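Presented below is the structure to which this report refers.
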Amino acid sequence: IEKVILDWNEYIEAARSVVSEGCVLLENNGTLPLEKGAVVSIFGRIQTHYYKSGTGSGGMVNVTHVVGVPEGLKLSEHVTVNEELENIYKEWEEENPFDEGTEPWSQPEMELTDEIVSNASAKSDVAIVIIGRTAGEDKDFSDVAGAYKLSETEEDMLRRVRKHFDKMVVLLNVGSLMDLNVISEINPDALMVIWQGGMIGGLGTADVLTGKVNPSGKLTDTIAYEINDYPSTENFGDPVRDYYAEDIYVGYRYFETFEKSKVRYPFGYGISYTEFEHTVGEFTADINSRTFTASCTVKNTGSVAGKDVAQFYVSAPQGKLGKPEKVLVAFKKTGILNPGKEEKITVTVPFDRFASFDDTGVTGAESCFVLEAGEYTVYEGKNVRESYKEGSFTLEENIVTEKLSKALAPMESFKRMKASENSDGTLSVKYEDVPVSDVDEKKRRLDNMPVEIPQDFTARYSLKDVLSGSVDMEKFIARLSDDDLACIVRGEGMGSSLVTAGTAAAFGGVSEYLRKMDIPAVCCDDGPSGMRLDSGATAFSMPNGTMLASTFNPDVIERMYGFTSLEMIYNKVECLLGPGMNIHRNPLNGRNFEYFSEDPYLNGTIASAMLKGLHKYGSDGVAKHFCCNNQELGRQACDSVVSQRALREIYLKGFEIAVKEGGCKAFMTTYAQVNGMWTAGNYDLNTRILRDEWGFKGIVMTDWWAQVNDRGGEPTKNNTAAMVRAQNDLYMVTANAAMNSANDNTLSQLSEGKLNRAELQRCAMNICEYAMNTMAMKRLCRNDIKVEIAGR
Ligand SMILES: O[C@@H]1[C@@H](O)[C@H](O)OC[C@H]1O
């Protein structure tokens with residue numbers, strides 16, 4: 001019915017803006033920005049093979065061209081590149097080709113001589129050294145040379161360059177952070193994390209290097225001096241089982257509370273080519289509305305224009321539960337401020353952003369989010385460490401922000417960290433026993449069993465009749481036979497011929513009988529950083545998740561994914577398999593590149609920005625992996641043992657925000673276990689928490705060929721009855737859904753009364769309600785958006 005232009009040049013520009021807001025300047029003595037007309041020598045072999053993404057499902061976007069850093073600098077017309085040094089690298093690389101693997105964390109560095117380095121210095125004004133790292137799916141990052149540490153030849157390179165150049169810039173082309181101890185010690189003039197910026201990364205990076213854009217990126221994780229300083233390191237890296245003993249004390253929640261001196265760069269840290277002054281302003285609280293309102297003014301007090309981020313933190317009273325010193329509750333990035341100009345920033349913060357989950361009952365409100373009695377102090381500033389008192393208010397009694405239930409609780413006891421108040425008025429870590437679950441799972445499922453809809457194969461309503469409002473969804477679903485029900489819970493793929501070639505899955509109209517009811521085939525495709533088309537078809541490769549999050553700018557993120565929204569329609573992809581939004585529990589997790597933060601509020605807010613983007617033209621995202629997939633090693637069977645409180649405040653919280661702020665209507669579960677069973681068959685996760693408590697209205701799908709089990713039972717890839725009993729609606733994926741290619745147990749379990757028809761009907765109703773609002777339904781109804789690409 002309607003045509004829309006996808007302007008490719010504006011798509012490039014939107015993505016380019018994200019890159020130039022997401023680079024994080026850590027150190028600078030004034031060597032950056034690069035001066036007009038300067039000649040730069042670029043060191044590091046990885047300069048020729050810019051890491052545009054990490055590896056795995058989320059790093060297989062095909063493109064015709066990648067603008068690396070050298071090319072980005074030449075295109076700027078602000079500097080020139082030393083062409084002799086480039087040719088040394090190019091010629092060396094013909095003998096030492098880029099290893100593709102399985103793909104390694106890094107490439108072997110070219111050894112440098114005194115002659116090469118000395119001659120480059122004579123013919124250039126500044127050295128740029130690029131250190132490259134990638135990482136991803138199934139391969140965790142490791143505390144060794146070539147991975148988290150510099151390799152020996154990389155260190156040599158840096159020391160030579162330092163010696164022969166008095167102007168030296170180090171750039172980290174990395175998916176996740178690496179060791180900064182040796183780099184800091186070598187002490188370059190400027191240090192910037194440039195992440196992996198997709199196919200136009202070099203353009204946006206050139207913008208900040210040349211000063212066309214002033215750096216305004218901030219860290220989404222705390223950088224500590226050693227891997228052993230991180231509170232999760234003790235309990236990370238075990239393929240069988242890991243106890244989340246740090247509990248709520250993840251990242252800056254640990255460091256700012258217990259170990260300030262172990263931090264090199266705090267959460268939210270990043271600098272600019274200008275300087276800013278944050279002046280605390282008016283503060284009011286509204287206890288009856290459960291909000292406070294806080295103002296401050298940010299002023300550019302330096303000599304060049306730039307943006308800054310105002311970050312707001314709450315210190316809750318320790319009470320009986322114990323608390324982190326500071327938790328992030330709001331942030332706002334300024335517009336571009338000219339020298340001597342300023343911007344007033346006001347935030348309204350609901351109490352639920354700094355509530356605590358009582359999993360012991362010590363507050364008198366077990367299984368509730370609560371604010372304990374005491375003094376709440378609010379802080380504003382440039383990062384968590386440099387945040388200063390904005391206001392305060394005191395509660396004489398507990399406030400229950402929300403009543404919940406005992407759900408997804410641990411099945412075995414373990415000791416967790418506890419904030420303990422010393423005689424000094426300081427806080428130390430002590431340990432306490434996590435209570436074990438007393439939930440009767442059998443009874444919970446039976447007491448909440450949905451009502452069966454009597455089947456009726458004569459009255460043949462269409463899914464169009466449900467969409468129009470002509471009939472109830474219940475009235476429609478009655479025509480599905482047991483074959484139809486068994487079939488509709490199966491995703492078909494990879495590369496099902498019902499949808500665009502080379503994508504992840506088709507679902508909904510996966511049989512002739514389902515298609516006859518006007519259930520369309522809905523197409524899923526990886527990934528957060530752009531469409532992965534295994535046909536070889538090209539698509540936009542966008543910056544990695546961590547770079548997105550480092551913008552601290554929901555609007556710039558949403559703008560870019562508004563273009564992705566149209567591109568998906570163009571390719572007839574309805575469901576992009578992102579955002580990835582598992583918490584950065586440990587820096588060594590391989591997939592941190594396509595996730596956002598150690599902080600759940602930032603995590604959810606960035607995820608929600610992406611989803612709003614995709615929703616612009618009616619496309620959609622699938623939040624993943626729900627939940628606690630914070631480790632790649634052992635991910636087919638690993639058991640994350642974690643408290644309710646840690647789940648409610650940290651790991652689930654981002655996903656909750658995705659539902660309630662982001663309008664998320666599609667979730668993906670994990671390959672692994674949380675509290676002693678696989679996530680795909682967990683009732684508490686997929687029904688109790690997600691639907692009954694949060695009000696999610698949508699679909700849940702498995703991760704691709706994930707295992708499912710009943711608690712205590714053996715894991716398999718075809719226990720779909722366990723999956724449907726949990727209200728995980730879709731098994732992803734089978735070669736042929738109509739033929740039950742996986743030989744699943746849906747019908748045999750239904751035959752034996754161990755699976756109720758009502759449970760199948762519930763899943764089928766979720767699938768159909770989702771499917772009828774997709775662009776694939778619009779194509780059947782002939783009221784879809786037609787997209788045309790301009791600017792190529
Ligand atoms: O993240 C998912 C990954 O775990 C799986 O292997 O492929 C599908 C992706 O969406």
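Only this structure's heavy atoms are used, side chains among them; waters, hydrogens and symmetry mates stay out. Just so you know, ligand 1 is whichever comes first in the structure, and atom 1 is the first atom listed for that ligand. Throughout, numbering of the chain's residues begins at 1 and tracks the sequence.
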Distance in Å, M560 CE paired with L614 CG, rounded so as to fall on 0.5 Å steps: 9.0 Å

Heavy-atom gap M732 to ligand 1 smaller than 4.0 Å: no

Heavy atoms from other residues, nucleotides or ligands near CD of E234 exceed 12 (cutoff 6.0 Å): no

Per-atom contacts of ligand 1 with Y671, taking only distances under 4.0 Å to non-hydrogen atoms: 4 (O), 5 (C), 6 (O)

Region of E594 engaging ligand 1 - heavy atom pairs below 4.0 Å: neither

Whether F267 and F552 hold their rings parallel, tilted or perpendicular, with breakpoints at 30° and 60°: perpendicular

Cation-pi, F141 ring and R133 (6.0 angstrom, 45 degrees): no

Ligand-side contact atoms (ligand 1) for residue partner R635, heavy atom cut-off under 4.0 Å: 4 (O)

Which residue and heavy atom of the protein sit nearest atom 5 (C) of ligand 1, plus the separation: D703 OD1, 3.2 Å

Under 4.0 Å to a heavy atom of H625 - the qualifying atoms of ligand 1, by number: 1 (O), 2 (C), 4 (O)

Atom 10 (O) of ligand 1: the protein heavy-atom neighbour that sits closest, reported with distance to 0.1 Å: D526 OD1, 2.8 Å

Carboxylate-amine/guanidinium contact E558 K616, below 4.0 Å: no

Exercise: identify the closest heavy-atom pair between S176 and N592: CB-CB, 4.1 Å

With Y595, the side-chain hydrogen bond (donor to acceptor under 3.5 Å, both in side chains) member among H625, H584, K624: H625

N-O pairing of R779 and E574 below 4.0 Å: yes

Contact with ligand 1 for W705, non-hydrogen, under 4.0 angstrom: no

Backbone or side-chain N or O of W704 under 3.5 Å from ligand 1 N or O: no

Salt bridge (charged side-chain N to carboxylate O under 4.0 Å, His left out) evaluation trace for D784 with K572: CA-CA 10 Å; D784 51 304; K572 293 179 181 62; over 6 Å; no

Protein contact to atom 3 (C) of ligand 1 [nearest heavy atom, distance to 0.1 Å]: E137 OE2, 3.1 Å

Interfacing atoms of ligand 1 (cut-off 4.0 Å, heavy-atom, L577): 10 (O)

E632 and ligand 1 - part of the residue with a heavy-atom distance under 4.0 Å: neither

Atoms of ligand 1, numbered as shown, that sit under 4.0 Å from any heavy atom of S57: 1 (O), 2 (C), 3 (C), 7 (O), 9 (C)

